[PDB]
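So you know, we letter chains A, B, ... as the sequences are listed, proteins then strands, and number each from 1. Any value given below was found using the heavy atoms of this structure, including those in side chains, with hydrogens, waters and symmetry copies removed.
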Amino acid sequence: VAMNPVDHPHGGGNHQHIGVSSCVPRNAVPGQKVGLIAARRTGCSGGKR
Amino acid sequence: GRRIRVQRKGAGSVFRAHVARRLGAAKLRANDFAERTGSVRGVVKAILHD
Amino acid sequence: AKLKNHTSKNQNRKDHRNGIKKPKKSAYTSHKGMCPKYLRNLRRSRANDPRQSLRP
Amino acid sequence: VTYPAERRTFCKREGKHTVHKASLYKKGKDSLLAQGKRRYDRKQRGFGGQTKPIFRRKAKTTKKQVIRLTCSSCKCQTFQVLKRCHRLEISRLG
RNA sequence: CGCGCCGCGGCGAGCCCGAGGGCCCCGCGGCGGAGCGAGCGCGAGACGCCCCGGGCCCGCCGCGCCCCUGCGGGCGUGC
RNA sequence: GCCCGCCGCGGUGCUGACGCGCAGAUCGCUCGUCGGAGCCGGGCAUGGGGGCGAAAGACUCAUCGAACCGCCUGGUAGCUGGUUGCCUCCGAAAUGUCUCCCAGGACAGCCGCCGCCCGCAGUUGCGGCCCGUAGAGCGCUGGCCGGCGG
RNA sequence: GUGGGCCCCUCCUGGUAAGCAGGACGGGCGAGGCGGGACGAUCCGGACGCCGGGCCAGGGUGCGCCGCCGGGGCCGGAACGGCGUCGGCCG
RNA sequence: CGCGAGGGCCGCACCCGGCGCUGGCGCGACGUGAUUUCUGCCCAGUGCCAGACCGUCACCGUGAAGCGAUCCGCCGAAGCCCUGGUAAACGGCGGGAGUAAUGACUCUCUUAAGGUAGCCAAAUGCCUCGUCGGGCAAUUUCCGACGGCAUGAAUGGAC
RNA sequence: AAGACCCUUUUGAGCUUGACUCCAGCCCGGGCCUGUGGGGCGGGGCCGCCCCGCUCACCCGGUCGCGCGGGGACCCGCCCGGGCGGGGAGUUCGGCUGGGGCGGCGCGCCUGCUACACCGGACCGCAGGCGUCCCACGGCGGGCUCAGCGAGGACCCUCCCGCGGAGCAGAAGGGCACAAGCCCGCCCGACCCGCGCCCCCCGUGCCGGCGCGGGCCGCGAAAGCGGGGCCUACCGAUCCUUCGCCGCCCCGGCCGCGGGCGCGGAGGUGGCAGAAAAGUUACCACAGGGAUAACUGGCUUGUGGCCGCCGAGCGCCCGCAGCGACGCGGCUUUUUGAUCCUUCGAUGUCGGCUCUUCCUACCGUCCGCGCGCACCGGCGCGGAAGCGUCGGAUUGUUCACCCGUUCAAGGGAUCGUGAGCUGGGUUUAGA
RNA sequence: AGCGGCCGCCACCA
Ligand SMILES: [K+]
Ligand SMILES: [K+]
Ligand SMILES: [K+]
Ligand SMILES: [K+]
Ligand SMILES: [K+]
Ligand SMILES: [K+]
Ligand SMILES: [K+]
Ligand SMILES: [K+]
Ligand SMILES: [K+]
Ligand SMILES: [K+]
Ligand SMILES: [K+]
Ligand SMILES: [K+]
Ligand SMILES: [K+]
Ligand SMILES: [K+]
Ligand SMILES: [K+]
Ligand SMILES: [K+]
Ligand SMILES: [K+]
Ligand SMILES: [K+]
Ligand SMILES: [K+]
Ligand SMILES: [K+]
Ligand SMILES: [K+]
Ligand SMILES: [K+]
Ligand SMILES: [K+]
Ligand SMILES: [K+]
Ligand SMILES: [K+]
Ligand SMILES: [K+]
Ligand SMILES: [K+]
Ligand SMILES: [K+]
Ligand SMILES: [K+]
Ligand SMILES: [K+]
Ligand SMILES: [K+]
Ligand SMILES: [K+]
Ligand SMILES: [K+]
Ligand SMILES: [K+]
Ligand SMILES: [K+]
Ligand SMILES: [K+]
Ligand SMILES: [K+]
Ligand SMILES: [K+]
Ligand SMILES: [K+]
Ligand SMILES: [K+]
Ligand SMILES: [K+]
Ligand SMILES: [K+]
Ligand SMILES: [K+]
Ligand SMILES: [K+]
Ligand SMILES: [K+]
Ligand SMILES: [K+]
Ligand SMILES: [K+]
Ligand SMILES: [K+]
Ligand SMILES: [K+]
Ligand SMILES: [K+]
Ligand SMILES: [K+]
Ligand SMILES: [K+]
Ligand SMILES: [K+]
Ligand SMILES: [K+]
Ligand SMILES: [K+]
Ligand SMILES: [K+]
Ligand SMILES: [K+]
Ligand SMILES: [K+]
Ligand SMILES: [K+]
Ligand SMILES: [K+]
Ligand SMILES: [K+]
Ligand SMILES: [K+]
Ligand SMILES: [K+]
Ligand SMILES: [K+]
Ligand SMILES: [Mg+2]
Ligand SMILES: [Mg+2]
Ligand SMILES: [Mg+2]
Ligand SMILES: [Mg+2]
Ligand SMILES: [Mg+2]
Ligand SMILES: [Mg+2]
Ligand SMILES: [Mg+2]
Ligand SMILES: [Mg+2]
Ligand SMILES: [Mg+2]
Ligand SMILES: [Mg+2]
Ligand SMILES: [Mg+2]
Ligand SMILES: [Mg+2]
Ligand SMILES: [Mg+2]
Ligand SMILES: [Mg+2]
Ligand SMILES: [Mg+2]
Ligand SMILES: [Mg+2]
Ligand SMILES: [Mg+2]
Ligand SMILES: [Mg+2]
Ligand SMILES: [Mg+2]
Ligand SMILES: [Mg+2]
Ligand SMILES: [Mg+2]
Ligand SMILES: [Mg+2]
Ligand SMILES: [Mg+2]
Ligand SMILES: [Mg+2]
Ligand SMILES: [Mg+2]
Ligand SMILES: [Mg+2]
Ligand SMILES: [Mg+2]
Ligand SMILES: [Mg+2]
Ligand SMILES: [Mg+2]
Ligand SMILES: [Mg+2]
Ligand SMILES: [Mg+2]
Ligand SMILES: [Mg+2]
Ligand SMILES: [Mg+2]
Ligand SMILES: [Mg+2]
Ligand SMILES: [Mg+2]
Ligand SMILES: [Mg+2]
Ligand SMILES: [Mg+2]
Ligand SMILES: [Mg+2]
Ligand SMILES: [Mg+2]
């Protein structure tokens, strides 16, 4: 997000922000497969055993 | 766009590992005749930082 | 930008420069549009008049 | 709009007025061997994408409905075109 | 280089230094001569200094009537 | 990856000097840092829609939101500039229609030249038909002040 | 070749208006020399080969600056004021 | 957040390569940005994921018809559809009426949920040189309070 | 320095994505590569699937081939098929327009008016309409007369007069009474084949209309009338597709399928004489444009500002000391608009500082008059531009607002003044 | 226009 759009899919904007969801699918192509790849879930929580 | 940072690392040059002055690859002893029918004795020579 | 839309200012002078033409003398007698039942009987009458007939 | 089930009008095959029965005309399905379709299939082979235009900007919300008139005595077909309309049904008596 | 129109030269129901072969000699196409019809195909005389119009003839589309070799011939009518 | 401070490395303010320069980025004073993710030399590696980037679209030999060199290439332009002696005879248009048309065109008009052939008028008078404007008016479609009589 | 026009006189439409914008018959500048309107593409006259003489349109005639005398009178801009001066009409 | 090597991410025209002389206290992809104190509500939309074969969805293959070209049937992988999970994924987080000068209160329409703890005319407040107070002879600046055109919780909130 | 702002060009480029059309790559299925055996399920009367041994292809490891393994007919590779695919590629992103954009749609048609009595005549001129509706709401014949006033009649009926004051699908204008309106009877001219003219107009097309030659019909005793709904609007090329006649061709022959062709309709282009098409640039562009905006000046003067005329009233009384409503007439160019004439191969674009000169619509000082002028102090008018009109707090400010003093008018000069300065504001590139 | 039961999924030269 600190870059320009030419350099990264997260770059650009008048505020630093990703813009779309950062969960990308398993079949995304190289150059496109950034962020969280094929995530089952996200976020911080307890309860795991 | 241009090629992104993760795409440039696969090509090598400045992203290759810094292997100079490494002791070598660390492995178990190779299985041979004597080990399959018995046992072989070795002695610890040094303990070294890699 | 905007330009002029319409005028007829010089057009009556152009219309007059070569005179006002008149239609051909033969347009006043063209058979176009007359009754066919009259134009049939006109041909028949002349073909059987020896003073007018043009058959060989 | 309602159309009569039967109608008496001119027949070309017999040359006189007979009674005809009404039905609705519909465009049949496209053959694969018509010459324009043959030419289109050959032009679309290979790399390059769409080779002919694809019409988008539609305006009419109505087509012209055309009536098939089949002669009762001899089976000669004739067609009547109607003014543009939103519903059409043929009567049902005979 | 190709297309249109105009002028002048030669010859004229004809015209023509293709290429080639022996500034001279010989030299095919082609275009013009008949059109019309998608096509099967059929196929022009009747008048006129010239020009314009009329009338008629040929083809394409339709239709009376008569006939031989026959969905073929002849003679007509109409846009 | 402590503090004052020399060389070194950097480049804050004067919005100082200079700004036809000492100089296609320099000079003076002032200022940041100075044991560390510190500074310097040589060798070697990564090549153009590619590299490299503690990220400014920065840097890649005074060239970078895509280097440089030769060719394709005398690339295309309805757009701006220019387009070289004399006399004589004629002489316009800036309008209608269509156009991804509106700084451009095609067809018509206007004009020139070349012709060819054998009554006429941008005028008045006389005769016949046509029009609904100025004015006038309130019958028609509407609008509007009041006074008498049943 | 042209398909950006513009101005005057009369007649109009939108606008508080405009040297604003849009239409109409005829004329002009464009593409029209010369004189005059001090001065101006278009107003008033007059439309053009090179000269000599004559007549004179439009405008003018104290001096600059070509050309005048006689005679009869008077002595940018609105609503609204004036016992300034000369002339009238009604009582 | 992904991966236990017959793997994962990346290079690369082809053959062949980097991480890797490596092995989960590892390697790779992202966001936030010391400490202290905290980090609320929403899975309806979009995105991602796993568990089921309902409908749809290829060629191949196969049956019936045909002189043959061919026509019509059946069969049906992944995907979508369907059933669930997920916000330190992207993002989102309220109206009207009265009620002791205020409104604890109540009725009401409504959302996937209706902004919690905090902070503020703030480098975020249009109105606006806001109101009050401090300071000055005098302040559109400043500080402190009060409460939102359009403040607010790893878009990290406060200190 | 051939404006970098702004606009135009059928001139670009960087970036984005729910633009249009696609490509690598990856995932999935069958086939060939490809052996040799054993089994189960299902269907149809041999076919489809699925499962599990062996090793010999093919594949992987250990080893100095020093006394060894693991997988396996599946994977890979190849051929064809389907899905994901801004990671990447190429291209597009209408027009008119008192600048462009937002908005609107005189972009194809129709009525009345503008329009100045033939025809024609402009605007993002005025008041509006159309993309449909109807087998009857159509054709024909016969009969009939509407809207209503007045006057009657138990809690619709009758007469009389009735120029249309009703009706005729929907805008507006025009038209119509033994009818063009209403009711009844029978019907399908809301047909077939072939031509011509009118409107718009280049005398091209298209929509729409009209006049005819020949068939076949409907109604009527008959003369007649009828190619929809009284008239002026209600709609669509080439190429392709689809259907309907009656035929012709498939070129060495002939037969059957099939394909093509001559004529006519239908499927549609509303941006309507008819490309297949989303955004962004504060990183930027190119060719040009004063044909066109942002700043001076010019014309205008609504708005701003200043000045008269009249006399309802206020002022104890008392219209005019001082005031003055309702109305009416002007001036100025120090406000802001309106416009687009000059400038886009460039006129440096806010304020302040400094410095000079000018205007009078005069605030203090000078000279006269007036008062609801006793003095003091105020107020009103005429002449008058010589001198004076200042120091500070907050704000880039012009402006404003307060504090203080000898108590404090308003303006112009390219909104005077950047090769005079300053650079706070506005006004590139970082955040 | 295509299957299914107003819903889904898929098709696209005037
Ligand atoms: K971004
Ligand atoms: K790239
Ligand atoms: K690239
Ligand atoms: K890429
Ligand atoms: K790169
Ligand atoms: K065909
Ligand atoms: K293709
Ligand atoms: K023919
Ligand atoms: K130093
Ligand atoms: K100095
Ligand atoms: K220096
Ligand atoms: K130190
Ligand atoms: K590399
Ligand atoms: K390199
Ligand atoms: K490059
Ligand atoms: K290059
Ligand atoms: K070169
Ligand atoms: K080359
Ligand atoms: K060009
Ligand atoms: K150009
Ligand atoms: K030049
Ligand atoms: K265009
Ligand atoms: K044009
Ligand atoms: K042009
Ligand atoms: K031309
Ligand atoms: K009247
Ligand atoms: K106005
Ligand atoms: K002239
Ligand atoms: K007088
Ligand atoms: K996050
Ligand atoms: K970190
Ligand atoms: K914290
Ligand atoms: K959700
Ligand atoms: K859910
Ligand atoms: K969800
Ligand atoms: K709150
Ligand atoms: K504060
Ligand atoms: K928020
Ligand atoms: K420019
Ligand atoms: K420019
Ligand atoms: K502009
Ligand atoms: K520009
Ligand atoms: K260009
Ligand atoms: K372009
Ligand atoms: K660019
Ligand atoms: K660029
Ligand atoms: K891009
Ligand atoms: K893509
Ligand atoms: K593009
Ligand atoms: K014409
Ligand atoms: K019409
Ligand atoms: K007829
Ligand atoms: K067509
Ligand atoms: K057809
Ligand atoms: K240029
Ligand atoms: K221009
Ligand atoms: K110009
Ligand atoms: K001009
Ligand atoms: K004025
Ligand atoms: K201008
Ligand atoms: K101007
Ligand atoms: K300029
Ligand atoms: K200049
Ligand atoms: K004075
Ligand atoms: Mg940045
Ligand atoms: Mg990108
Ligand atoms: Mg003429
Ligand atoms: Mg029949
Ligand atoms: Mg230190
Ligand atoms: Mg230090
Ligand atoms: Mg300096
Ligand atoms: Mg080039
Ligand atoms: Mg060139
Ligand atoms: Mg002449
Ligand atoms: Mg013009
Ligand atoms: Mg077009
Ligand atoms: Mg078009
Ligand atoms: Mg003008
Ligand atoms: Mg000119
Ligand atoms: Mg003069
Ligand atoms: Mg003299
Ligand atoms: Mg951060
Ligand atoms: Mg949270
Ligand atoms: Mg925030
Ligand atoms: Mg220029
Ligand atoms: Mg330039
Ligand atoms: Mg163009
Ligand atoms: Mg481009
Ligand atoms: Mg681009
Ligand atoms: Mg792209
Ligand atoms: Mg435009
Ligand atoms: Mg009619
Ligand atoms: Mg058009
Ligand atoms: Mg930038
Ligand atoms: Mg101009
Ligand atoms: Mg004024
Ligand atoms: Mg202009
Ligand atoms: Mg200059
Ligand atoms: Mg200057
Ligand atoms: Mg100035
Ligand atoms: Mg100066
Ligand atoms: Mg300067
Ligand atoms: Mg900036």
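- Checking I/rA122 for Watson-Crick or G-U wobble geometry (two distances, each under 3.5 Å) identifies no partner in any strand.
- For the segment residues 78-87 of chain D, residues with any heavy atom less than 4.0 angstrom from an atom of RNA chain I are, sorted by number, D/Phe79, D/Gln80, D/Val81, D/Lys83, D/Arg84, D/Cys85, D/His86.
- The pairing partner recorded for I/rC379 is I/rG370, the criterion being a Watson-Crick or G-U wobble arrangement whose two distances lie under 3.5 angstrom.
- A donor-acceptor contact under 3.5 Å is formed by the side chain of A/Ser21 with the base of H/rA89.
- Centre separation under 5.5 Å together with a plane angle under 30° holds for the ring of C/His16 and the six-membered base ring of F/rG122, marking them as stacked.
- Listed by residue number, D/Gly36, D/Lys37, D/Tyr40 are the residues of residues 30-44 of chain D with a heavy-atom contact under 4.0 Å to RNA chain J.
- Judged by distance alone with a 3.5 Å cut-off, no donor-acceptor contact links the side chain of C/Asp15 to the base of F/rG122.
- In this structure, C/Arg13 reaches the bases: a heavy-atom distance under 4.0 Å links it to at least one base atom across the strands shown.
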Just the dot-bracket of RNA chain F, please: which string comes out with Watson-Crick or G-U pairs under 3.5 Å, [ ] for crossing, | for another strand? .......(((..((.((........)))).)))..............(.((.......))...)..............................(((((....)))))||........................................

Between protein and nucleotides 82-85 of chain I, what N or O pairs are separated by less than 3.5 Å?
residue : atom : partner : partner atom : Å
I/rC84  : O2   : A/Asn27 : ND2          : 3.4

Which pairs, protein N/O on one side and nucleotides 21-27 of chain H N/O on the other, fall under 3.5 Å?
residue : atom : partner : partner atom : Å
H/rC21  : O2'  : B/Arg22 : NH1          : 3.2
H/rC21  : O2   : B/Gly24 : N            : 3.2

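- For the segment residues 21-51 of chain C, the set of residues with a heavy atom within less than 4.0 Å of an atom of RNA chain I comprises C/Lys32, C/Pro36, C/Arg40, in numerical order.
- Of the two grooves, the minor groove is the one C/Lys14 reaches, taking side-chain heavy atoms under 5.0 Å from the groove's base N or O atoms.
- For D/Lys60 against I/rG236, a side-chain N or O and a base N or O form a donor-acceptor pair under 3.5 Å.
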